[PDB]
Every structure is written in structure tokens, then in C-alpha cells.
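Some notes on the structure that comes next.
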Amino acid sequence: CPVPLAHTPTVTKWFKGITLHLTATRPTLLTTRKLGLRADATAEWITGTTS
Amino acid sequence: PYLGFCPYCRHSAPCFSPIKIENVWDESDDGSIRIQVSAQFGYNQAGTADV
Amino acid sequence: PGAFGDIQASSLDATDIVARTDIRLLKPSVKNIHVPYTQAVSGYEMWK
Amino acid sequence: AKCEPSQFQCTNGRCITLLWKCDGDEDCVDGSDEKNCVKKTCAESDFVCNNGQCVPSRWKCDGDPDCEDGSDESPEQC
Amino acid sequence: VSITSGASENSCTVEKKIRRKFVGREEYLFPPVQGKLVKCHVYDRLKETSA
Ligand SMILES: [Ca+2]
Ligand SMILES: [Ca+2]
């Protein structure tokens, strides 16, 4: 099944952290996880544009 | 006129089509919408104006 | 990109319009000729 | 090799849509798109030479031979 | 499901939640003309196949 690719998110960088810039016309699943001992894993159904 | 490649066809899959919708504007407060389609309306086969 | 004024111009009938929509194009991967234009939805809409 | 479409790779060295093997179009550099599947040789736009060979229907009785039996130029058949 | 023959014109309905669904991680109204291909499942329209 063909599925869309949400616009490639722009990223901003800062001391020990980043800010993703997200732009999706429709509900798009975002997820992230750390590769450390803890997962700190999170997910969010981002909508529209946000950071 | 011409023929294009609209995302969804009569059948639920991509196809080439004479009535490929290009763009759609809905800025009018009336809720009406302008539709730009590959097919031409109001022109004769030879291109005579005929609504 | 995506902020107000993502596109700007001297006036509506000017040819010196600039922008920073962050438009990017992927490879035309599908069999049919198509251009995968993708971008931040207009900052004008976000501001609206 | 492992690839995202989960579908056959031909001598082109790329994974390709296996449904294109009977889409009516040869996509791989090899004539694989007609090797392993049932096909309508003639669409409603096409003329069946009486042997079952298929050519664009406009090729029938147009002036020159097309299929291996010449049905595309058969006077009686025109 | 219904018969519309005027005379034989009965019908039937059943309560069944049938919301739109979308394989992948992005909500999409229609399969996008372009994008990534992902493994999905569909009902094979070939009448001979056996479920
Ligand atoms: Ca093919
Ligand atoms: Ca001929």
C-alpha cells in the first residue's frame, strides 16, 4: 500500500537537546527514543505544524 | 486541453485522467470552490466558445 | 518556513517575490511521471 | 537483496512491483512483464488476429502487415 | 444491502462500526500518488481466492 511521507522535519540544535519542526497536513505519528539504558520513549499524534 | 494523472481514479487507485483536478481554492466565504481541471468546459471541439 | 510571511513581495503584482517555504523534492519513485513536492503548509494559514 | 517493496527483483538490479508483470507494459529491461501471470492480450482498444495475436486495433486493415498471420490486413476481415 | 427492483425492493442493515482506517503512521484520506511502499493487507478481489 502506498503511504505518504510527511514533509521532512527541520531540526534545530542546542545544548544537550534538539527542537524538531514538524509540518503535517494530516494526523501524523511521531515517535522518539533514546539509545541509553532508559528508553524515555514517547509518541504523539502531531497535527498541523508545531515544534 | 490535455490529460493528467490524478491521485485517486473512479476505481480506488491512481490512473491517467482527462478530468484530472489540478488545484482547488475555497477562500470565498460563500463556501463555494473554484476547481481547476484538465478538461475544458464551454469550448467546442475546435475550441469555439459553447457553454 | 511556516511562520507568517513565509512568502513576501513588494506588492501583489510584483515579480520580485521571495520565499523560504522549505520546499524539497524527493526522487520520482513511482512509475508515472510525478513530482513529489512537499513543504510546510503556508505560514499564512498558520497565522490565520 | 533485502528491499522495501517486498517484491521481485529482475536483471535490472532493482526491486520492482510484481503486479507490473501483467500491467500491459514491459518495465524491467528483461521481458519479465509477461512471464508468470495470466494476461488479456487484447484490451477493448485492440484487434485480435484470428490466431489470438494482439495489436492496436488501429493496426487492422491500415495498410501494412503486423501480426504473424496478416489478419491485420485481411480484406474480408476489414 | 438492498434490492431495488420496485417490487422486490427489500433491504437489510446491520450495526457495524466501520471507521476509515489507514495502514502506516500517517493518516491519509487517499493512497498518495507518491511515497513509501509498506507491507499491508487487503481483501483480494479475485473471486476464486479462499479465505
Ligand atoms: Ca509492466
Ligand atoms: Ca495492418
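Within each chain, counting starts at residue 1; across the C-alpha cells, chains are named A, B, ... in the order shown, with ligands numbered 1 upward in that order.
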Write down, as a PDB file with N, CA and C atoms, in the first residue's frame, each residue of chain D that has any atom within 8 Å of an atom of chain E, counting only C-alpha atoms.
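Output file result21.pdb is given in full below:
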ATOM      1  N   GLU D   4      12.661  -2.595   0.383  1.00  0.00           N
ATOM      2  CA  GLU D   4      11.400  -2.113   0.942  1.00  0.00           C
ATOM      3  C   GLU D   4      10.124  -2.610   0.259  1.00  0.00           C
ATOM      4  N   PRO D   5      10.047  -2.826  -1.062  1.00  0.00           N
ATOM      5  CA  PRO D   5       8.749  -3.205  -1.638  1.00  0.00           C
ATOM      6  C   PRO D   5       8.350  -4.655  -1.428  1.00  0.00           C
ATOM      7  N   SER D   6       9.238  -5.510  -0.914  1.00  0.00           N
ATOM      8  CA  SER D   6       8.930  -6.928  -0.709  1.00  0.00           C
ATOM      9  C   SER D   6       8.485  -7.626  -1.992  1.00  0.00           C
TER      10      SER D   6
END
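Taking only C-alpha atoms and all ligand atoms into account, every polymer residue with at least one atom at most 12 Å away from ligand 2 is listed here: residues 47, 48, 49, 54, 55, 56, 57, 58, 59, 60, 61, 62, 63, 64, 65, 66, 67, 68, 69, 70, 71, 72, 73, 74, 75, 77 and 78 of chain D.
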Go through C:18, C:9, C:35, C:2 one by one, measure the shortest atom-to-atom distance of each to chain A using only C-alpha atoms, and give the residue with the smallest value.
C:2
Considering only C-alpha atoms, return as a PDB file with N, CA, C and O atoms, in the first residue's frame whatever protein or nucleic-acid residues lie within 7 Å of residue C:21, sequence-local ones (same chain, fewer than 5 positions apart) excluded.
ATOM      1  N   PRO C   1      10.227  29.292   7.176  1.00  0.00           N
ATOM      2  CA  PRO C   1       9.177  28.354   6.772  1.00  0.00           C
ATOM      3  C   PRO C   1       8.115  28.169   7.842  1.00  0.00           C
ATOM      4  O   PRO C   1       8.413  28.016   9.026  1.00  0.00           O
ATOM      5  N   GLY C   2       6.861  28.191   7.399  1.00  0.00           N
ATOM      6  CA  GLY C   2       5.701  28.009   8.244  1.00  0.00           C
ATOM      7  C   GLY C   2       5.351  29.166   9.145  1.00  0.00           C
ATOM      8  O   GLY C   2       4.275  29.151   9.750  1.00  0.00           O
ATOM      9  N   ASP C   6       5.855  33.624   5.137  1.00  0.00           N
ATOM     10  CA  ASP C   6       6.749  32.660   4.512  1.00  0.00           C
ATOM     11  C   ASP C   6       7.025  33.036   3.068  1.00  0.00           C
ATOM     12  O   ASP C   6       8.076  32.692   2.520  1.00  0.00           O
ATOM     13  N   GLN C  39       6.118  20.459   1.447  1.00  0.00           N
ATOM     14  CA  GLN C  39       6.525  21.706   2.072  1.00  0.00           C
ATOM     15  C   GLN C  39       5.700  21.944   3.320  1.00  0.00           C
ATOM     16  O   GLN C  39       4.678  21.295   3.553  1.00  0.00           O
ATOM     17  N   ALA C  40       6.162  22.895   4.119  1.00  0.00           N
ATOM     18  CA  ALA C  40       5.380  23.372   5.242  1.00  0.00           C
ATOM     19  C   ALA C  40       4.127  24.032   4.700  1.00  0.00           C
ATOM     20  O   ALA C  40       4.195  24.792   3.731  1.00  0.00           O
TER      21      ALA C  40
END
Chain E near chain A within 6 Å: what's each residue's closest atom pair and its distance in Å to one decimal, counting only C-alpha atoms, ordered by chain then ascending residue number, as JSON lines?
{"residue": "E:25", "atom": "CA", "partner": "A:29", "partner_atom": "CA", "distance": 5.2}
{"residue": "E:26", "atom": "CA", "partner": "A:28", "partner_atom": "CA", "distance": 4.3}
{"residue": "E:27", "atom": "CA", "partner": "A:27", "partner_atom": "CA", "distance": 5.3}
{"residue": "E:31", "atom": "CA", "partner": "A:2", "partner_atom": "CA", "distance": 5.8}
{"residue": "E:32", "atom": "CA", "partner": "A:4", "partner_atom": "CA", "distance": 5.6}
{"residue": "E:35", "atom": "CA", "partner": "A:4", "partner_atom": "CA", "distance": 4.8}
{"residue": "E:36", "atom": "CA", "partner": "A:3", "partner_atom": "CA", "distance": 5.5}
{"residue": "E:37", "atom": "CA", "partner": "A:2", "partner_atom": "CA", "distance": 4.6}
{"residue": "E:38", "atom": "CA", "partner": "A:1", "partner_atom": "CA", "distance": 5.7}
{"residue": "E:40", "atom": "CA", "partner": "A:1", "partner_atom": "CA", "distance": 5.8}
Dump as a PDB file, in the first residue's frame, selection limited to N, CA, C and O atoms:
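Output saved as out_29.pdb:
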ATOM      1  N   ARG E  25       1.919   5.164   9.423  1.00  0.00           N
ATOM      2  CA  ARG E  25       1.964   6.045  10.622  1.00  0.00           C
ATOM      3  C   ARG E  25       1.457   7.448  10.272  1.00  0.00           C
ATOM      4  O   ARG E  25       1.677   8.368  11.081  1.00  0.00           O
ATOM      5  N   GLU E  26       0.810   7.607   9.115  1.00  0.00           N
ATOM      6  CA  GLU E  26       0.278   8.905   8.734  1.00  0.00           C
ATOM      7  C   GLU E  26      -1.168   8.733   8.312  1.00  0.00           C
ATOM      8  O   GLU E  26      -1.466   7.922   7.432  1.00  0.00           O
ATOM      9  N   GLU E  27      -2.077   9.527   8.877  1.00  0.00           N
ATOM     10  CA  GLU E  27      -3.481   9.456   8.393  1.00  0.00           C
ATOM     11  C   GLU E  27      -3.506   9.911   6.931  1.00  0.00           C
ATOM     12  O   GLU E  27      -2.981  11.004   6.654  1.00  0.00           O
ATOM     13  N   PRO E  31      -4.759   6.925  -0.967  1.00  0.00           N
ATOM     14  CA  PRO E  31      -3.388   6.484  -1.178  1.00  0.00           C
ATOM     15  C   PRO E  31      -2.639   7.579  -1.941  1.00  0.00           C
ATOM     16  O   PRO E  31      -3.097   7.975  -2.992  1.00  0.00           O
ATOM     17  N   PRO E  32      -1.493   8.072  -1.430  1.00  0.00           N
ATOM     18  CA  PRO E  32      -0.776   9.171  -2.079  1.00  0.00           C
ATOM     19  C   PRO E  32      -0.144   8.728  -3.404  1.00  0.00           C
ATOM     20  O   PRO E  32       0.426   7.657  -3.458  1.00  0.00           O
ATOM     21  N   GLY E  35       5.198   8.075  -2.685  1.00  0.00           N
ATOM     22  CA  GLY E  35       5.549   7.831  -1.305  1.00  0.00           C
ATOM     23  C   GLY E  35       6.201   6.478  -1.128  1.00  0.00           C
ATOM     24  O   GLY E  35       6.585   5.818  -2.084  1.00  0.00           O
ATOM     25  N   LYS E  36       6.309   6.084   0.137  1.00  0.00           N
ATOM     26  CA  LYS E  36       6.882   4.802   0.505  1.00  0.00           C
ATOM     27  C   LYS E  36       5.860   3.688   0.348  1.00  0.00           C
ATOM     28  O   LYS E  36       4.666   3.881   0.590  1.00  0.00           O
ATOM     29  N   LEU E  37       6.335   2.520  -0.060  1.00  0.00           N
ATOM     30  CA  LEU E  37       5.508   1.327  -0.130  1.00  0.00           C
ATOM     31  C   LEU E  37       5.757   0.519   1.132  1.00  0.00           C
ATOM     32  O   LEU E  37       6.911   0.248   1.478  1.00  0.00           O
ATOM     33  N   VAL E  38       4.687   0.150   1.825  1.00  0.00           N
ATOM     34  CA  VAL E  38       4.796  -0.627   3.052  1.00  0.00           C
ATOM     35  C   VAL E  38       3.912  -1.855   2.955  1.00  0.00           C
ATOM     36  O   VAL E  38       2.919  -1.881   2.222  1.00  0.00           O
ATOM     37  N   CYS E  40       1.128  -4.221   3.646  1.00  0.00           N
ATOM     38  CA  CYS E  40      -0.233  -4.037   4.113  1.00  0.00           C
ATOM     39  C   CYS E  40      -1.059  -5.229   3.665  1.00  0.00           C
ATOM     40  O   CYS E  40      -0.595  -6.078   2.901  1.00  0.00           O
TER      41      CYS E  40
END
Using only C-alpha atoms, which residues sit within 8 Å of residue C:46 once same-chain residues fewer than 5 positions away are excluded, as a ChimeraX atom specification?
/A:49 /C:2-4,41
Please tabulate, as JSON lines, the residues of chain D that come within 8 Å of ligand 1, each with its closest pair of atoms and the distance in Å to one decimal, counting only C-alpha atoms and all ligand atoms and ordering rows by chain, then residue number upward.
{"residue": "D:19", "atom": "CA", "partner": "ligand 1", "partner_atom_place_in_ligand_line": "1 (Ca)", "distance": 7.6}
{"residue": "D:20", "atom": "CA", "partner": "ligand 1", "partner_atom_place_in_ligand_line": "1 (Ca)", "distance": 3.8}
{"residue": "D:21", "atom": "CA", "partner": "ligand 1", "partner_atom_place_in_ligand_line": "1 (Ca)", "distance": 5.2}
{"residue": "D:22", "atom": "CA", "partner": "ligand 1", "partner_atom_place_in_ligand_line": "1 (Ca)", "distance": 6.3}
{"residue": "D:23", "atom": "CA", "partner": "ligand 1", "partner_atom_place_in_ligand_line": "1 (Ca)", "distance": 5.0}
{"residue": "D:24", "atom": "CA", "partner": "ligand 1", "partner_atom_place_in_ligand_line": "1 (Ca)", "distance": 5.9}
{"residue": "D:25", "atom": "CA", "partner": "ligand 1", "partner_atom_place_in_ligand_line": "1 (Ca)", "distance": 3.7}
{"residue": "D:26", "atom": "CA", "partner": "ligand 1", "partner_atom_place_in_ligand_line": "1 (Ca)", "distance": 4.2}
{"residue": "D:27", "atom": "CA", "partner": "ligand 1", "partner_atom_place_in_ligand_line": "1 (Ca)", "distance": 4.3}
{"residue": "D:28", "atom": "CA", "partner": "ligand 1", "partner_atom_place_in_ligand_line": "1 (Ca)", "distance": 7.2}
{"residue": "D:33", "atom": "CA", "partner": "ligand 1", "partner_atom_place_in_ligand_line": "1 (Ca)", "distance": 5.2}
Dump of C-alpha atoms for the selected residues, as a CSV table (one decimal), in the first residue's frame:
chain,number,residue,atom,x,y,z
D,19,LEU,CA,1.9,-6.6,-10.4
D,20,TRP,CA,3.6,-4.8,-13.3
D,21,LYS,CA,4.4,-8.3,-14.6
D,22,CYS,CA,0.8,-8.2,-16.1
D,23,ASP,CA,0.1,-4.4,-16.3
D,24,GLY,CA,0.3,-4.5,-20.1
D,25,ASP,CA,3.7,-2.6,-20.0
D,26,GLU,CA,7.3,-4.0,-20.1
D,27,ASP,CA,9.1,-2.2,-17.2
D,28,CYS,CA,12.1,-4.4,-16.4
D,33,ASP,CA,6.4,-8.4,-17.5
Which residue of D:17, D:29, D:34, D:43 approaches chain C most closely, using only C-alpha atoms:
D:17
Env of residue B:19: 6 Å cut, atoms = only C-alpha atoms, seq-sep filter 6 positions within chain, self excluded. Answer as a PyMOL selection string.
chain B and resi 37-39
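Comparing the minimum interatomic distances between chain A and each of B:42, B:31, B:1, B:14, counting only C-alpha atoms, we find that B:14 sits nearest.
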Picked from chain E by DSSP as strand (DSSP E or B), as number ranges by chain:
E: 2, 11, 26, 36-37
Include N, CA, C and O atoms and write out the residues we just selected as a PDB file, in the first residue's frame.
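Generated output (out_19.pdb):
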ATOM      1  N   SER E   2     -29.292  -3.885  -0.414  1.00  0.00           N
ATOM      2  CA  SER E   2     -30.688  -3.778  -0.792  1.00  0.00           C
ATOM      3  C   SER E   2     -30.928  -4.167  -2.238  1.00  0.00           C
ATOM      4  O   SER E   2     -30.046  -4.057  -3.093  1.00  0.00           O
ATOM      5  N   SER E  11     -34.594  -4.705   1.888  1.00  0.00           N
ATOM      6  CA  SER E  11     -33.217  -4.363   2.218  1.00  0.00           C
ATOM      7  C   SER E  11     -32.864  -4.943   3.576  1.00  0.00           C
ATOM      8  O   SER E  11     -33.708  -5.497   4.280  1.00  0.00           O
ATOM      9  N   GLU E  26       0.810   7.607   9.115  1.00  0.00           N
ATOM     10  CA  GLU E  26       0.278   8.905   8.734  1.00  0.00           C
ATOM     11  C   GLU E  26      -1.168   8.733   8.312  1.00  0.00           C
ATOM     12  O   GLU E  26      -1.466   7.922   7.432  1.00  0.00           O
ATOM     13  N   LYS E  36       6.309   6.084   0.137  1.00  0.00           N
ATOM     14  CA  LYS E  36       6.882   4.802   0.505  1.00  0.00           C
ATOM     15  C   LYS E  36       5.860   3.688   0.348  1.00  0.00           C
ATOM     16  O   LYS E  36       4.666   3.881   0.590  1.00  0.00           O
ATOM     17  N   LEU E  37       6.335   2.520  -0.060  1.00  0.00           N
ATOM     18  CA  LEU E  37       5.508   1.327  -0.130  1.00  0.00           C
ATOM     19  C   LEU E  37       5.757   0.519   1.132  1.00  0.00           C
ATOM     20  O   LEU E  37       6.911   0.248   1.478  1.00  0.00           O
TER      21      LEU E  37
END
Enumerate as a compact mmCIF listing (two decimals) with N, CA and C atoms, in the first residue's frame the residues belonging to chain B that approach chain C to within 12 Å, with only C-alpha atoms taken into account.
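Result file result-v3.txt:
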# COMPACT_ATOMS: atom_id res chain seq x y z
N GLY B 4 -4.17 14.20 -17.53
CA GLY B 4 -3.19 14.15 -16.46
C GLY B 4 -3.22 12.88 -15.65
N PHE B 5 -2.74 12.96 -14.41
CA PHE B 5 -2.60 11.79 -13.55
C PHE B 5 -3.06 12.14 -12.13
N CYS B 6 -4.37 12.13 -11.91
CA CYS B 6 -4.90 12.47 -10.60
C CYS B 6 -4.65 11.36 -9.59
N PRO B 7 -4.48 11.66 -8.28
CA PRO B 7 -4.13 10.62 -7.30
C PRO B 7 -5.14 9.47 -7.24
N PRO B 14 -4.62 5.13 -8.49
CA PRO B 14 -4.17 6.13 -9.46
C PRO B 14 -4.45 5.72 -10.90
N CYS B 15 -4.72 6.72 -11.74
CA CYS B 15 -4.94 6.48 -13.15
C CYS B 15 -4.71 7.79 -13.88
N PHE B 16 -4.47 7.69 -15.18
CA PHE B 16 -4.45 8.88 -16.00
C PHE B 16 -5.88 9.33 -16.22
N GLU B 27 -11.24 30.01 -0.67
CA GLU B 27 -11.11 31.21 0.14
C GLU B 27 -12.39 32.02 0.20
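Using only C-alpha atoms for every distance, the candidate list D:31, D:36, D:52, D:1 yields D:1 as the residue closest to residue D:15.
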For chain C, report every residue with an atom at most 12 Å from chain E (counting only C-alpha atoms), formatted as a ChimeraX atom specification.
/C:25-38
